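Residue numbers (PDB author numbering): 7 to 145.
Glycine residues also receive a C-beta, built at the ideal position from the N, C-alpha and C atoms.
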Amino acid sequence: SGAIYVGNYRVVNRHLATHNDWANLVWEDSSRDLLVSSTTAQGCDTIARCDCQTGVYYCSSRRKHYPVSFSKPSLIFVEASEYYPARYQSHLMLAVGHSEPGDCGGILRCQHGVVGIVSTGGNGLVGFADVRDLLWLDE
Ligand SMILES: NC(=O)[C@H]1CCC(=O)N(Cc2cccc3cc[nH]c23)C1
Ligand SMILES: [Zn+2]
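What follows is the structure, given as structure tokens:
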């Protein structure tokens, strides 16, 4: 689990969104595994606007942060799960690192701020849903 809080927005994994996230829906994209809902309180997370390929992520299944090199956002094939059939997920970045399904929502950060959230994994890989192109989150 885990979310990003920026201004009047809350970003979560679309497969983990709540009834309240859906009742206050701003934008959702199944192909990206992302959902943004509105909040009354003002968020203080800083979103990165960059093309960094190094950063640090939080892995709840180890209670640790890990430094990683990751690929640029791309269309990657993601095996089936209880939430989606087998499909290509867009705007996904991969790195060699530990992850388990319960790690979804753990934040990836570079020196400029929040890059994305854990969304996929397996076979010693971890995938992050990018958020750096969502310029509207800041305004
Ligand atoms: N399609 C998706 O974006 C998600 C949907 C829910 C989900 O459990 N997964 C599989 C998964 C996620 C994170 C980490 C690992 C490790 C093994 N399986 C993992 C993929
Ligand atoms: Zn950066």
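Here the region 57-70 makes contact with the region 102-122; the two share three or more CB pairs at distances below 8 Å. Any heavy atom of ligand 2 within less than 5 Å of a residue's beta carbon puts that residue on the list, which reads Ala54, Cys56, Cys58, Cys116, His118. Membership of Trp28 in the alpha helix (DSSP H) is indicated by the continuous run 25-29. Distances taken from the Cβ of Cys65 to the heavy atoms of ligand 1 include none shorter than 8 Å.
Under the three-pair Cβ rule at 8 Å, the region 95-102 counts as touching the region 118-136. Pairing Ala86 with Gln95, the inter-Cα distance amounts to about 11 Å. Restricted to the region 61-119, the beta strand (DSSP E) segments that are unbroken, complete and at least 3 residues in length are 70-75, 80-84, 93-102, 113-116, listed in chain order. For the pair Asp144 and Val74, the Cα-to-Cα distance works out to about 26 Å. According to DSSP, residue pairing for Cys50 in a beta bridge involves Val12. Distances between the C-beta of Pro107 and the heavy atoms of ligand 1 include at least one below 8 Å. Taking the CA atoms as reference points, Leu40 sits about 8 Å from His21. Between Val120 and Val132, the beta carbon gap of about 16 Å keeps them out of contact (Cβ cut-off 8 Å).
Not a single heavy atom of ligand 1 lies less than 8 Å from the C-beta of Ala101.
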